[PDB]
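A.B. asks: Chains as they are written, first to last, in PDB author numbering: chain A, 1326 to 1374; chain B, 394 to 442; chain C, 394 to 442. Just so it is clear, CB atoms sit at the ideal spot from N, CA and C, and this is done for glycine as well.
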Amino acid sequence: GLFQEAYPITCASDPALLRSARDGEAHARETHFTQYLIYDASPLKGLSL
Amino acid sequence: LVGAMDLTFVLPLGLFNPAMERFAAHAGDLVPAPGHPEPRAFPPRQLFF
Amino acid sequence: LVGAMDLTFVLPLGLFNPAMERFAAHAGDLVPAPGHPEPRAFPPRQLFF
């Protein structure tokens, strides 16, 4: 309500891009052909849940 | 002092890679089985998380 | 105080990969002899543990 914003969650349009996501954003596949991944930028990043 | 926090998140659906971002990291990865369609090349209609 | 615990486990058999999960993960690997069929492309009838 203040920052006027909404945070991304780790999500991919592929199961195999999303599999890259676990282990953090180092080697995550951020694009493959028309498929895309989005890693987590959110107050929850770095937490477990 | 056990509180609450609301967070809105955001996920894209069906969006589409820009001209430069449609590559693949390497020649062979997430490769289909030998006579197959390579579903990675069509536009994403799904999203995983 | 030396007790016991009962756990039911679960195994799938003969199931079939979803459409997007049927990919190699790299072009060459688990590659048969140059002459042979590469059984990895058929449906699994077995399970190993």
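Provide the residue span of the alpha helix (DSSP H) that contains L1342 (chain A), from first to last.
C.D. replies: Mapped onto the first sequence, residue 1342 (chain A) falls at position 17. Taken as a continuous stretch (DSSP letters only), the alpha helix (DSSP H) holding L1342 (chain A) covers 1340 to 1346.
A.B. asks: Quick one: does the C-beta of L406 (chain C) sit closer than 7 Å to a heavy atom of the ligand ADP?
C.D. replies: With respect to small molecules bound, the structure shown includes none, and the ligand ADP cannot be examined in it.
A.B. asks: Under a three-way DSSP split, which group does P405 (chain B) fall into?
C.D. replies: The residue labelled residue 405 (chain B) in the question sits at position 12 within the second sequence. Of the three classes helix, strand and coil, the one that applies to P405 (chain B) here is coil, per DSSP.
A.B. asks: Buried or exposed, going by whether 16 or more other CB atoms sit within 10 Å of the CB of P436 (chain B)?
C.D. replies: As a first step, residue 436 (chain B) is located in the second sequence; it is residue number 43 there, counting from the start. Result: exposed.
A.B. asks: CB-CB under 7 Å to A1346 (chain A), same chain, minus the five flanking residues each way: which ones, in chain order?
C.D. replies: Start at 1 with the first residue of the first sequence, and residue 1346 (chain A) comes out as number 21. Excluding residues within five positions, the ones whose Cβ falls inside 7 Å are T1335, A1337, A1353, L1362, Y1364.
A.B. asks: Just to make sure I have the definition right: I need the residues of chain C whose C-beta is within less than 9 Å of the C-beta of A1341 (chain A). Which are they?
C.D. replies: Reading the first sequence from its first residue, position 16 is the one you call residue 1341 (chain A). Residues of chain C passing the Cβ test: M413, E414, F416, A418.
A.B. asks: Between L394 (chain C) and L440 (chain C), is the Cβ-Cβ spacing less than 8 Å?
C.D. replies: What you label residue 394 (chain C) is simply residue 1 of the third sequence in a count that begins at 1. What you label residue 440 (chain C) is simply residue 47 of the third sequence in a count that begins at 1. No, Cβ-Cβ distance for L394 (chain C) and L440 (chain C) is not below 8 Å.
A.B. asks: Tell me where the beta strand (DSSP E) around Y1364 (chain A) begins and ends.
C.D. replies: Numbered from 1 along the first sequence, position 39 holds the residue referred to as residue 1364 (chain A). Taken as a continuous stretch (DSSP letters only), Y1364 (chain A) belongs to no beta strand (DSSP E), as it is neither H nor E.
A.B. asks: Which partner residues does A1337 (chain A) have in the DSSP bridge list?
C.D. replies: Counting from 1 along the first sequence, the entry for residue 1337 (chain A) is found at position 12. A:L1362, B:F441.
A.B. asks: Apart from the five residues just before and just after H429 (chain B), which ones in its own chain have a Cβ nearer than 7 Å to its Cβ?
C.D. replies: Start at 1 with the first residue of the second sequence, and residue 429 (chain B) comes out as number 36. Contacts found: none.
A.B. asks: Using three-state DSSP, classify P411 (chain C) as helix, strand or coil.
C.D. replies: Working through the third sequence from its first residue, we reach residue 411 (chain C) at position 18. The answer is coil: DSSP assigns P411 (chain C) none of H, G, I, E or B.
A.B. asks: Per DSSP, what kind of secondary structure is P432 (chain B) in: helix, strand or coil?
C.D. replies: Taking the first residue of the second sequence as position 1, residue 432 (chain B) is located at position 39. Here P432 (chain B) sits in helix by DSSP.
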